[PDB]
Amino acid sequence: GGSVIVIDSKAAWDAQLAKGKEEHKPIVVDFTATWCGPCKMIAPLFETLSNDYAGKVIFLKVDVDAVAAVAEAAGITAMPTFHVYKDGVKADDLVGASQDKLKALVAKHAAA
């Protein structure tokens, strides 16, 4: 259930996590924020992968600016911070923009 949308609430994160049918697929969350300039570009960049890897891969663009609690609990610091909760648990991570590495991880965890 590729919820390839942007979100700003813990409740909606939970909802998506569930309806996403996470069981066997990559929950790729981009914990990004508004104010952190580059973040605003990194989001639409990742949106490309979101569009492409539809249905299976869940691209959660989480607005850390809003969902501060989940972000700090998850362990976000240097936003944007990408985590891959494949199946239903943080299987891999990637900090910063790091587009190539992000692409590589999405590909890796998607083709699995």
# chains A, B, ... in the order shown; residues from 1 in each chain; ligands from 1

call {"tool": "residues_around", "arguments": {"residues": "residue 94 (chain A)", "least_positions_apart": "6", "cutoff": "8 Å", "atoms": "only C-alpha atoms", "output": "ChimeraX atom specification"}}
result
/A:81-83,101-102

call {"tool": "residues_around", "arguments": {"residues": "region 5-21 of chain A", "least_positions_apart": "6", "cutoff": "6 Å", "atoms": "only C-alpha atoms", "output": "ChimeraX atom specification"}}
result
/A:61-63,66-67

call {"tool": "residues_around", "arguments": {"residues": "region 45-59 of chain A", "least_positions_apart": "5", "cutoff": "6 Å", "atoms": "only C-alpha atoms", "output": "ChimeraX atom specification"}}
result
/A:1-4,25-29

call {"tool": "select_by_dssp", "arguments": {"residues": "chain A", "states": "alpha helix (DSSP H)", "output": "VMD selection string"}}
result
chain A and resid 10 to 19 39 to 52 68 to 74 99 to 110

call {"tool": "atom_distance", "arguments": {"atom1": "CA of residue 106 (chain A)", "atom2": "CA of residue 69 (chain A)"}}
result
25.0 Å

call {"tool": "select_by_dssp", "arguments": {"residues": "chain A", "states": "strand (DSSP E)", "output": "short mmCIF file (atom, residue, chain, number, x, y, z; two decimals) with N, CA and C atoms, in the first residue's frame"}}
result
data_model
loop_
_atom_site.label_atom_id
_atom_site.label_comp_id
_atom_site.auth_asym_id
_atom_site.auth_seq_id
_atom_site.Cartn_x
_atom_site.Cartn_y
_atom_site.Cartn_z
N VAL A 6 2.81 13.08 1.60
CA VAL A 6 3.45 13.85 2.66
C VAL A 6 2.50 13.87 3.84
N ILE A 7 3.03 13.82 5.06
CA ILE A 7 2.20 13.78 6.25
C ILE A 7 2.87 14.50 7.41
N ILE A 27 8.93 0.28 4.09
CA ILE A 27 8.36 1.54 4.56
C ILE A 27 9.54 2.51 4.54
N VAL A 28 9.67 3.29 3.47
CA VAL A 28 10.76 4.24 3.35
C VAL A 28 10.23 5.56 3.89
N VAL A 29 10.64 5.93 5.10
CA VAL A 29 10.21 7.19 5.66
C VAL A 29 11.33 8.20 5.49
N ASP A 30 10.97 9.38 4.99
CA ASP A 30 11.83 10.54 4.86
C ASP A 30 11.41 11.49 5.96
N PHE A 31 12.15 11.49 7.07
CA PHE A 31 11.91 12.42 8.15
C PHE A 31 12.63 13.70 7.75
N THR A 32 11.88 14.66 7.20
CA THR A 32 12.39 15.94 6.72
C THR A 32 11.62 17.06 7.41
N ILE A 58 6.38 2.11 0.48
CA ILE A 58 5.61 3.17 1.14
C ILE A 58 6.55 4.35 1.45
N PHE A 59 6.46 5.43 0.67
CA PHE A 59 7.30 6.61 0.81
C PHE A 59 6.64 7.63 1.73
N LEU A 60 6.88 7.51 3.03
CA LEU A 60 6.30 8.40 4.02
C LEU A 60 7.14 9.67 4.14
N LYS A 61 6.72 10.77 3.50
CA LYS A 61 7.41 12.05 3.69
C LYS A 61 6.88 12.65 4.99
N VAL A 62 7.56 12.41 6.11
CA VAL A 62 7.13 12.86 7.43
C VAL A 62 7.73 14.23 7.73
N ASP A 63 6.84 15.18 8.03
CA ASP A 63 7.22 16.53 8.41
C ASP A 63 7.61 16.56 9.90
N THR A 81 16.46 12.72 7.34
CA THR A 81 16.93 11.42 7.78
C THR A 81 15.95 10.38 7.22
N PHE A 82 16.46 9.47 6.40
CA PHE A 82 15.69 8.42 5.76
C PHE A 82 15.86 7.12 6.52
N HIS A 83 14.76 6.45 6.88
CA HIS A 83 14.78 5.14 7.53
C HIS A 83 13.95 4.18 6.68
N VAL A 84 14.33 2.90 6.65
CA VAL A 84 13.62 1.86 5.91
C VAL A 84 13.03 0.86 6.91
N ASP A 92 17.10 -0.59 7.70
CA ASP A 92 18.21 0.18 7.16
C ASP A 92 17.93 1.66 7.39
N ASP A 93 18.94 2.52 7.26
CA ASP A 93 18.84 3.96 7.46
C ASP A 93 19.81 4.67 6.52
N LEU A 94 19.61 5.97 6.34
CA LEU A 94 20.39 6.82 5.45
C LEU A 94 20.15 8.27 5.86
N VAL A 95 21.18 8.97 6.34
CA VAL A 95 21.04 10.36 6.76
C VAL A 95 21.45 11.30 5.64
#

call {"tool": "closest_residue", "arguments": {"among": "A:112, A:97, A:33, A:105", "to": "residue 68 (chain A)", "atoms": "only C-alpha atoms"}}
result
A:33

call {"tool": "atom_distance", "arguments": {"atom1": "CA of residue 76 (chain A)", "atom2": "CA of residue 96 (chain A)"}}
result
10.6 Å

call {"tool": "closest_residue", "arguments": {"among": "A:90, A:35, A:85, A:78", "to": "residue 65 (chain A)", "atoms": "only C-alpha atoms"}}
result
A:35

call {"tool": "closest_residue", "arguments": {"among": "A:79, A:23, A:99, A:72", "to": "residue 44 (chain A)", "atoms": "only C-alpha atoms"}}
result
A:99

call {"tool": "closest_residue", "arguments": {"among": "A:100, A:24, A:64, A:109", "to": "residue 80 (chain A)", "atoms": "only C-alpha atoms"}}
result
A:64

call {"tool": "atom_distance", "arguments": {"atom1": "CA of residue 98 (chain A)", "atom2": "CA of residue 41 (chain A)"}}
result
12.5 Å

call {"tool": "decode", "arguments": {"residues": "region 4-73 of chain A", "atoms": "C-alpha atoms", "output": "short mmCIF file (atom, residue, chain, number, x, y, z; two decimals), in the first residue's frame"}}
result
data_model
loop_
_atom_site.label_atom_id
_atom_site.label_comp_id
_atom_site.auth_asym_id
_atom_site.auth_seq_id
_atom_site.Cartn_x
_atom_site.Cartn_y
_atom_site.Cartn_z
CA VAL A 4 3.44 7.99 -1.40
CA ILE A 5 2.13 11.17 0.27
CA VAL A 6 3.45 13.85 2.66
CA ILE A 7 2.20 13.78 6.25
CA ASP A 8 2.44 15.77 9.49
CA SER A 9 0.83 13.51 12.15
CA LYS A 10 1.73 10.47 14.23
CA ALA A 11 -1.83 9.19 13.88
CA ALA A 12 -1.62 9.30 10.09
CA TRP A 13 1.87 7.71 10.24
CA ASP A 14 0.30 4.83 12.24
CA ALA A 15 -2.69 4.62 9.91
CA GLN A 16 -0.45 4.48 6.82
CA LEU A 17 1.90 1.96 8.50
CA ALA A 18 -1.16 -0.29 8.98
CA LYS A 19 -3.14 0.14 5.70
CA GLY A 20 0.26 0.06 3.95
CA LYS A 21 0.12 -3.75 4.55
CA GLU A 22 3.75 -3.52 5.66
CA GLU A 23 4.11 -7.35 6.16
CA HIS A 24 6.56 -7.72 3.25
CA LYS A 25 7.57 -4.33 1.77
CA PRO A 26 9.83 -1.28 2.44
CA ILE A 27 8.36 1.54 4.56
CA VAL A 28 10.76 4.24 3.35
CA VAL A 29 10.21 7.19 5.66
CA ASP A 30 11.83 10.54 4.86
CA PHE A 31 11.91 12.42 8.15
CA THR A 32 12.39 15.94 6.72
CA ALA A 33 11.28 19.45 7.81
CA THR A 34 10.00 22.72 6.32
CA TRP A 35 12.57 25.32 7.48
CA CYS A 36 15.68 23.25 6.49
CA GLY A 37 15.84 24.78 2.93
CA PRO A 38 17.39 21.83 0.93
CA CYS A 39 14.72 19.60 2.56
CA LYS A 40 12.12 21.33 0.36
CA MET A 41 14.03 20.08 -2.76
CA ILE A 42 14.96 16.67 -1.31
CA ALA A 43 11.22 15.97 -0.76
CA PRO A 44 10.18 16.37 -4.49
CA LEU A 45 13.38 14.52 -5.46
CA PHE A 46 12.30 11.54 -3.30
CA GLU A 47 8.75 12.10 -4.69
CA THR A 48 10.17 10.88 -8.05
CA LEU A 49 11.12 7.53 -6.49
CA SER A 50 7.75 7.63 -4.68
CA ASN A 51 5.89 7.94 -8.01
CA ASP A 52 8.01 5.20 -9.59
CA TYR A 53 7.99 2.60 -6.77
CA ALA A 54 4.21 2.84 -6.24
CA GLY A 55 1.94 0.18 -4.67
CA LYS A 56 4.56 -1.85 -2.75
CA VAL A 57 7.08 0.70 -1.41
CA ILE A 58 5.61 3.17 1.14
CA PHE A 59 7.30 6.61 0.81
CA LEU A 60 6.30 8.40 4.02
CA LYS A 61 7.41 12.05 3.69
CA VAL A 62 7.13 12.86 7.43
CA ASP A 63 7.22 16.53 8.41
CA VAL A 64 9.54 16.44 11.48
CA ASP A 65 8.57 20.12 12.01
CA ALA A 66 5.15 18.75 13.05
CA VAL A 67 5.77 15.13 14.16
CA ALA A 68 8.69 16.07 16.44
CA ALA A 69 7.77 13.28 18.91
CA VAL A 70 7.96 10.37 16.42
CA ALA A 71 11.06 11.95 14.86
CA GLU A 72 13.04 12.20 18.14
CA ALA A 73 11.70 8.79 19.30
#
